[PDB]
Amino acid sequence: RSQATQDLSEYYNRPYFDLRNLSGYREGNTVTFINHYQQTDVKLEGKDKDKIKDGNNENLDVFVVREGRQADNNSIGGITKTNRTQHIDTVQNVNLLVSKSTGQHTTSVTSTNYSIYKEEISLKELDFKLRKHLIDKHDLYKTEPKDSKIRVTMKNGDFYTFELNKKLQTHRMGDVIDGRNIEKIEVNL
């Protein structure tokens, strides 16, 4: 197991927090959220920079992963608009198809339902949760990942690709999509 794959395994096994309906204060390219447990400094490194207002921003969700450098609570992207109404049921049910080739002659497919609970969702959150799922259920990063990818397809045919042999690019972590319009998620291992 390369150091590279070891490092991916370490990163995607880190704790994450899903914080809901908080205020974020923007100064420069950092947005500070505080609750009763933690303070998080969220770095804007992409087109999120054009969306978050200078100063106070209300009613945001944040998907938090602490990046590696001491006593830091730095995270990157992961900011969304909170749900406009309460959803007790899932916002959307999505077919997740994980395909795995083993040896020379075997294909295997796991087909489940993937629960979307948020009207708007960051690529950060999709990427991190799906990889953690694959670590947990499909032995991701036990072997070299090679050309392994996730693809998220929207109802209109738009799609987003996460290549599993590197981290998600930091400029993509603050990109957001409409959870209602996700159609399916396919993974090729």
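Position 1 is the first residue in the sequence shown; the rest follow in order.
In the record comparison, residue 57 is modelled in each of the other entries of this protein that model the residues flanking it, with no third of them omitting it.
Residue 69, though modelled here, lacks coordinates in at least a third of the other entries of this protein that were compared and that model residues flanking it. Unmodelled deposited residues between residue 68 and residue 69: 1 to 3, per the record.
Look at the mean CA B-factor for 47 to 55 and for 142 to 150 in the entry; the higher one is 142 to 150. Here 159 to 167 and 56 to 64 are compared by their mean Cα B-factor, and 159 to 167 comes out higher. Highest CA B-factor among 93, 83, 80, 75, as stated in the entry: 93. The deposited CA B-factor of residue 9 belongs to the highest third of values across its chain.
In the deposited entry, the Cα temperature factor of residue 136 sits in the top third of values across the chain's modelled residues.
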